[PDB]
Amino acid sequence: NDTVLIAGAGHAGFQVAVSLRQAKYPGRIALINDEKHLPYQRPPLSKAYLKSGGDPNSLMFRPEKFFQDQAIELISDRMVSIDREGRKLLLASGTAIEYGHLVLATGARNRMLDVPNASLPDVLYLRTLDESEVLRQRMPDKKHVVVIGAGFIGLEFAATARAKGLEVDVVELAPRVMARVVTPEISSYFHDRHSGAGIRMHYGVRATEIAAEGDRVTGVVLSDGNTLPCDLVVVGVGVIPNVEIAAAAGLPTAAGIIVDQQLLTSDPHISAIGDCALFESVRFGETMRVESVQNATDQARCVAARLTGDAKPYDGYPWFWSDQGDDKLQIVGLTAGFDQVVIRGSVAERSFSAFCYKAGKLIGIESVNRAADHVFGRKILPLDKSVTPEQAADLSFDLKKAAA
């Protein structure tokens, strides 16, 4: 067959469809979308949107007419099974489709809070437009929310809930916030900023039970035995890559759908991109899964480029960002295994960067309200070039000249 079937119409799904057309792909392109919304943006969900008037499709990538003009078949359905041998995609509507090449961009789903009463009505998640909209409408009728999970999303939400007048308590099991993604100097800064806004941070604890009265949430019980009163709970304790269906078809999976340097599964005719993909990284010499718009986007481009001619190893350089309250956090590079951190700028001035090193080499830059340092990293890191810790701290050391 000639048709390219895309399962999942989020960032990666939408981008591969678009990039496929830009590259003048002749075949048919079907985009399976299991949500009652035109493909939309995720980043605004825990940011601006929570502050908007809730405009139905204000987060749409492109308007409805776009998919028609682009010959991208937008199918309002969901894949449930994959017939690799018959190269057919089995939808839930009962329908079935043959494919030349199958692109899996199923992303990842919320990991359910595994605690008593965790499923009461007032225990909400925050990852889909729908979930964002209910939370937006629910906050005005709530006085106190406990946020479980100090990840990016949880804090982006916490600041807004606080800004709206709600009482806010953040529950994190680790000793500091964003422990899975940033170095201590960043956690510290944000701990101060949020605390300063009146948000009460709680470290070293897990939720062990959701205290309720009738079926009304009244608090969150912690592993230290104490209970934090609240009438609303927002949980962000991780996701689960959607690999089930692919695994059901015999495709290797783990913490994501396994793919090689070219984002291909063990079955040619089937690729995996975005949050759902556990790819082989030539640059970093290891298999990993990355959750970011950058990753979804660059991976989509890589596949689109392959299915149209030049098959190259995926090498989208990783970078992320987060908008918490009035502060902007930008990260370029992977900081895992950092053994030396240098501060450039001033924490007091609320504009600085943490230059992270490992074995004497710059591995990443975490910039708070300092776009210039981020541009420096985005240019230098992909080239695998570095700057000494001494130079990073020196405000008289010109980053523009260094990156020319």
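Throughout, we count residues from 1 along the sequence that is shown.
Colleague: Which has higher Cα B-factors on average according to the PDB entry: 376-384 or 16-24?
Modeller: Taking the mean C-alpha B-factor of 16-24 and of 376-384, the larger value falls to 16-24.
Colleague: Hey, which bit's got the bigger mean C-alpha B factor in the entry, 346-354 or 366-374?
Modeller: Higher mean C-alpha B-factor in the PDB entry: 346-354.
Colleague: Specify which of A336, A30, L45, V341 carries the largest Cα B factor in the deposited PDB entry.
Modeller: Out of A336, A30, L45, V341, the record gives the largest C-alpha B-factor to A30.
Colleague: According to the deposited entry, which of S266, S119, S223, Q294 has the largest Cα B-factor?
Modeller: The C-alpha B-factor peaks, among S266, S119, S223, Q294, at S266.
Colleague: Going by what the PDB entry lists, where does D275 fall on CA B-factor within its chain: lowest, middle or highest third?
Modeller: Tercile = lowest for this residue's CA B-factor.
Colleague: If you rank the chain by CA B-factor, which third does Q324 end up in: lowest, middle or highest?
Modeller: Its C-alpha B-factor, which the entry lists for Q324, ranks in the lowest third among residues of this chain.
Colleague: Among all modelled residues of this chain, ranked by Cα B factor, put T95 in the bottom, middle or top third, i.e. lowest, middle or highest.
Modeller: Within its chain, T95 is a highest-third residue by C-alpha B-factor, going by the deposited values.
Colleague: Could you look up the Cα B-factor of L104 in the entry and say which third of the chain it sits in: lowest, middle or highest?
Modeller: For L104, whose C-alpha B-factor we compare with every modelled residue in the chain, the answer is the middle third.
Colleague: Among the modelled residues of this chain, does the Cα B factor of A311 put it in the lowest, middle or highest third?
Modeller: Highest third, going by the recorded CA B-factors of the chain.
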